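Every chain is numbered from 1 and lettered A, B, ... according to where its sequence line falls, protein lines coming before strand lines. Every heavy atom of this structure was used, including side-chain atoms; hydrogens, water molecules and symmetry mates were not.
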Amino acid sequence: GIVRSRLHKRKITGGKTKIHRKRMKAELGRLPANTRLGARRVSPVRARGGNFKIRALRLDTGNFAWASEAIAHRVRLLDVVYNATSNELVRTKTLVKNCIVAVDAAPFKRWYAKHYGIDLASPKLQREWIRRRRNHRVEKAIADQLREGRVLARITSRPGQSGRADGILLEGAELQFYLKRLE
Amino acid sequence: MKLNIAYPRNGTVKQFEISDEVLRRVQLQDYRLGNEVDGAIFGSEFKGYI
Amino acid sequence: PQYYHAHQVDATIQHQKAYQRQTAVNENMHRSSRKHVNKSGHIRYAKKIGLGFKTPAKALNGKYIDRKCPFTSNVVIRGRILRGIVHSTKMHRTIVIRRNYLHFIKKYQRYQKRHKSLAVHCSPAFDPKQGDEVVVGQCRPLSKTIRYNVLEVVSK
Amino acid sequence: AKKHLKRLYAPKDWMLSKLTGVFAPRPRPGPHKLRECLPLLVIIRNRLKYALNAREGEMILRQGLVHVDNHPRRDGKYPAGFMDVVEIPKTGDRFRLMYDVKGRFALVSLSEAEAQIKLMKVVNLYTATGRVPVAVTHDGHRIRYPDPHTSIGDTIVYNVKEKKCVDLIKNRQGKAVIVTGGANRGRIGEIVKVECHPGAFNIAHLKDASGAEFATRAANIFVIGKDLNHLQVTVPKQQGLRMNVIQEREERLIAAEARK
RNA sequence: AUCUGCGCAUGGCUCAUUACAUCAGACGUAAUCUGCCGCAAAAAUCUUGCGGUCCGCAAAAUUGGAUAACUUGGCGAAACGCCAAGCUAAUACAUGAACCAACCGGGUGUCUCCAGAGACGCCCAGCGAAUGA
RNA sequence: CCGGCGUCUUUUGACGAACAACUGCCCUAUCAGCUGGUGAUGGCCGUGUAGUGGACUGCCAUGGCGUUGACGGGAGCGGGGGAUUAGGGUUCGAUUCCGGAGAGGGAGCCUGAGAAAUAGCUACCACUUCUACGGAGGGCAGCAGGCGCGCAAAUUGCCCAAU
Ligand SMILES: NC[C@@H]1O[C@H](O[C@H]2[C@@H](O)[C@H](O[C@@H]3[C@@H](O)[C@H](N)C[C@H](N)[C@H]3O[C@H]3O[C@H](CO)[C@@H](O)[C@H](O)[C@H]3N)O[C@@H]2CO)[C@H](N)[C@@H](O)[C@@H]1O
Ligand SMILES: [Mg+2]
Ligand SMILES: [Mg+2]
Ligand SMILES: [Mg+2]
Ligand SMILES: [Mg+2]
Ligand SMILES: [Mg+2]
Ligand SMILES: [Mg+2]
């Protein structure tokens, strides 16, 4: 079938390699997943050793991490914003690793009110908020799009391999990199 | 056209060979598998069966 | 007081349509520990490879973002350690080294000049000119032909 | 998946004659390596003559009558190798697999107290789940809580009845080893100097009881005591001393003439 | 006789292919899969019974549905071809174990104290896997 | 009460698998340029894999190999080894052991820990057997044999007693 060998590749001299075996099963590749936005549908793939590799088709949600705060929240993917491979993969809204997506931002605001106590008053007994909040500060570009409603984020998992759409929120120079390329 | 008729309340399946003239009246291009047909299409001795 | 003032984009390294970052460490930590931060400023991943090779001045204090690099990536140097001379540096971040050896013929009691050429990945820690003698260490496949990776450059 | 050995591709230390059949009993995976073991069909039939063929040989083994390290082994293809203890309760004999100085496997007869302990060399150390540091051994054992001074090159004394690591022997300069591979296999010597060479094979220089100096790779040496007098285990009848090929050839002619 | 569990990827033949291939000596896999075999590991899971309409008292958890062989009726010239119905197993398939029975940790609301400390309550805390720190 | 087993998961040694390539290799120039649009050498995100990787999509760069014989053509499995040999050599290696490859040619798969399996499946091509014409099957480079082909190579034998 699809193979991953160098039998069809030309030599560095430019010479053709003459083939004297059949294709092996141990050198196969398989058809790509092309994971998109949509309600979750997965198909497992029986890999070597009997292990299962879960193809992701049509994913809509994942655990996205806010790395300065070292937390994650299960949020819902909204749109696919920028892809470094092609602009055609943005238009069909394919989920790959490292593509830039927008996520829900509601569990992140709610966590930022429950932890640090800052909204965008009720437990007067526990002001361990004051034990934090002094040294720590929050980047302004995060807090703008956090209250705007959707946060740009980066996919850190391989969905056709794992069947998950986990990610990380863009911070720092990495957010300021991709904000220039969009607008 | 032979016909096995089974009565699973008692088991005891028996076979009854349907004549040509009893089948020439039936259009027969309906009646695929799964259908609950009237039994009298297999001859009118099987009147009122499903 | 709530705002953090994160680092600005360093356009000298950022050329490549995706953001160039190191997978080993996060660039965006607010109170990053003294583990991976270098002398001047920024967070950096630098690794000590095995066999008594000293990491260069760059890859600790440089600014470049290299994957496939032995000092700043998950590329491990293992197996053979060899030497060659630099032949061509025309490829981007890859050199071709030349290994010249004498092949003894048992019949005619005389040697014979042969050579092997190897494509070797060259880190931006190093700038070898043609004729420079390098030390290469074997790693995983990094391309169709790259199996080795430069560890030290001996000038001229 | 190989399942057969040819009797020519079998190891030479088993001493199976080439004219008796095409095949040799391929030892299963298990404790010891295929190149470096002596499977229990060869011990029961070819070493000990308790069995005249392989059909009498599984009447012994499948019945549960041979114990390798206190546990009955019903496999004729079970790999028994170096430092293993083979008991038989019915015939009342128990043996230890050692290398003799010509490199071959030798069955050293044992007492009851000497047959409880075996000496095992660490091959890997790692941390398992929990935070339990286990020690991987050449015989395939995974001792879970070893002596905290265990390093990789060391030797653990084990006591296979009550599965408790009773002792440790570090690998240092002042110790005595037995060589379990290479040309020098079966020889016993003090350690002289260990040449490190990181990234490659450690070389260990060794001096014998007579003073014969010889070297091996340090993955081939197996430390068995604090000195050549205070060995932790009993060794075969030459005791690691390799006589000259001329002098040992003269002595057999002298012994054969003096016998008649 | 058939379900079930392993095996049939070995062995045996042949040498057509084949020159940065195969192969030999020597290395690498930290780039990885690995049944059988060896030594080990294992504290996740509100399940049963009886009574009442969700609770109570109990405890060696006495769990559930289906198929072969078989019988019956057979189709077909045949086929290492087949159909339908009726039975019945499990180490097949599916379901499922409270308390005995630990240590350790995180997030968090009332209550005795001092000018932050304790008790109690709730959510979560197993091996493996994903992502982030 | 106790002892033999048998089984999920988890983990590692072992027996392996798969990949990578340090040095080596018959003749040919009446074969001097080879590769690169449709991957050729490299780089960046991915994808795919059991995994590395132009293996593969997108994009960018302009490389890489060669008179130290590339490229193309002919001979044909590779070693251990055999024959001859004062020394240097010259030859043979289909063949028992190791490895690689194939099962009529060529694909493509399922199942499984492992197959691109062939006394497994699917299809086409070339031959091909049974039919009651509706249909159903074949795969000896396994062992005996058979016909051809040739200068040229045996028994449609007995047995698991040994390995
Ligand atoms: N040359 C091998 C490679 O083929 C690739 O391209 C190939 C494909 O585009 C295409 O190959 C197709 C293949 O896709 C398709 N799935 C099957 C088809 N048999 C192939 O076709 C090829 O093979 C057959 C038989 O040799 C020929 O008759 C046919 O003309 C030829 N184009 O034709 C090209 C080969 O001529 C790439 N160009 C490149 O990687 C490389 O050239
Ligand atoms: Mg079965
Ligand atoms: Mg030859
Ligand atoms: Mg890549
Ligand atoms: Mg062979
Ligand atoms: Mg054809
Ligand atoms: Mg034949």
Who is the Watson-Crick or G-U wobble partner of [N], with both distances under 3.5 Å?
{"N": "E/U91", "value": "none"}
{"N": "F/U122", "value": "F/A107"}
{"N": "E/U72", "value": "E/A84"}
{"N": "F/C19", "value": "E/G28"}
{"N": "F/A136", "value": "F/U129"}

Gap in Å between the two [atom1] atoms, one belonging to [N] and one to [M], rounded:
{"N": "F/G79", "M": "E/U29", "atom1": "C1'", "result": "25 Å"}
{"N": "F/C19", "M": "F/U52", "atom1": "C1'", "result": "8 Å"}
{"N": "E/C23", "M": "F/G72", "atom1": "P", "result": "22 Å"}

Short side-chain N/O contact from [X] to OP1 or OP2 of [N], under 4.0 Å:
{"X": "C/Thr145", "N": "F/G42", "value": "yes"}
{"X": "C/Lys116", "N": "F/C22", "value": "no"}
{"X": "D/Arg35", "N": "F/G16", "value": "no"}
{"X": "C/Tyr101", "N": "F/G24", "value": "yes"}
{"X": "A/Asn63", "N": "E/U131", "value": "no"}
{"X": "C/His103", "N": "F/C25", "value": "yes"}
{"X": "A/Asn98", "N": "F/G46", "value": "yes"}
{"X": "A/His8", "N": "F/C56", "value": "yes"}
{"X": "D/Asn124", "N": "F/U12", "value": "no"}
{"X": "C/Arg147", "N": "E/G28", "value": "no"}
{"X": "B/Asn10", "N": "E/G86", "value": "no"}

Selection from [options] that lies nearest to any side-chain heavy atom of [X]:
{"X": "C/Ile146", "options": "F/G43, F/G48, F/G24", "result": "F/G43"}
{"X": "A/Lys9", "options": "F/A55, E/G11, E/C39", "result": "F/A55"}
{"X": "A/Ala67", "options": "E/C75, F/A162, E/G132", "result": "E/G132"}
{"X": "C/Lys17", "options": "F/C59, E/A40, F/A115", "result": "F/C59"}
{"X": "C/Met91", "options": "F/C44, F/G42, F/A55", "result": "F/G42"}
{"X": "A/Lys25", "options": "E/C39, F/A116, F/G46", "result": "F/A116"}
{"X": "A/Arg6", "options": "E/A9, F/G43, F/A20", "result": "F/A20"}
{"X": "A/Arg10", "options": "F/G43, E/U131, F/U35", "result": "F/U35"}
{"X": "B/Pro8", "options": "F/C45, F/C44, E/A85", "result": "E/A85"}
{"X": "D/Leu34", "options": "F/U47, F/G63, F/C15", "result": "F/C15"}

Between the side-chain atoms of [X] and the base atoms of [N], is any donor-acceptor pair under 3.5 Å?
{"X": "A/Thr13", "N": "F/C65", "answer": "no"}
{"X": "A/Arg158", "N": "F/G48", "answer": "yes"}
{"X": "A/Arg48", "N": "E/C33", "answer": "no"}
{"X": "A/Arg4", "N": "F/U52", "answer": "yes"}

Contact class for [X] vs. all strands (heavy atom < 4.0 Å): base, sugar-phosphate, or nothing?
{"X": "C/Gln138", "value": "nothing"}
{"X": "D/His4", "value": "base"}
{"X": "B/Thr12", "value": "nothing"}
{"X": "B/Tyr7", "value": "nothing"}
{"X": "A/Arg55", "value": "sugar-phosphate"}
{"X": "D/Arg131", "value": "nothing"}
{"X": "D/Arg26", "value": "sugar-phosphate"}

Rounded to the nearest angstrom, tell me the gap between atom CG in D/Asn70 and atom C1' in E/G38. 16 Å
Return whichever of A/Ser157 or D/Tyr158 has its heavy-atom-nearest nucleotide of RNA chain E closer to the 5' end. D/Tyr158
Under 3.5 Å for both distances: [N] and [M] as a Watson-Crick or G-U pair:
{"N": "F/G104", "M": "F/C125", "answer": "yes"}
{"N": "E/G56", "M": "E/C50", "answer": "yes"}
{"N": "F/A154", "M": "F/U7", "answer": "no"}

Examine the six-membered rings in the bases of [N] and [M] and report whether their centres are under 5.5 angstrom apart and their planes under 30 degrees.
{"N": "F/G64", "M": "F/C65", "answer": "yes"}
{"N": "E/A61", "M": "E/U62", "answer": "no"}
{"N": "E/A44", "M": "E/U45", "answer": "yes"}
{"N": "F/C143", "M": "F/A144", "answer": "yes"}
{"N": "F/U38", "M": "F/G39", "answer": "no"}

Based on the glycosidic angle (syn within 90° of 0, else anti), state the conformation of E/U53. anti
Glycosidic class, syn or anti, of E/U48 using a 90° window around 0: anti
Distance only, no hydrogens: is a donor on one side chain within 3.5 Å (strictly under) of an acceptor on the other, for A/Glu171 and A/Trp66? yes
Under a plain distance cut-off of 3.5 Å, with no hydrogens placed, do C/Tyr101 and C/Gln112 share a side-chain donor-acceptor pair? no
How is the sugar of F/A115 puckered by the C1'-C2'-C3'-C4' sign, north or south? south
Would the distance check show the side chain of C/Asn149 and the main-chain N or O of C/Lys68 forming a donor-acceptor pair, the cut-off being under 3.5 Å? yes
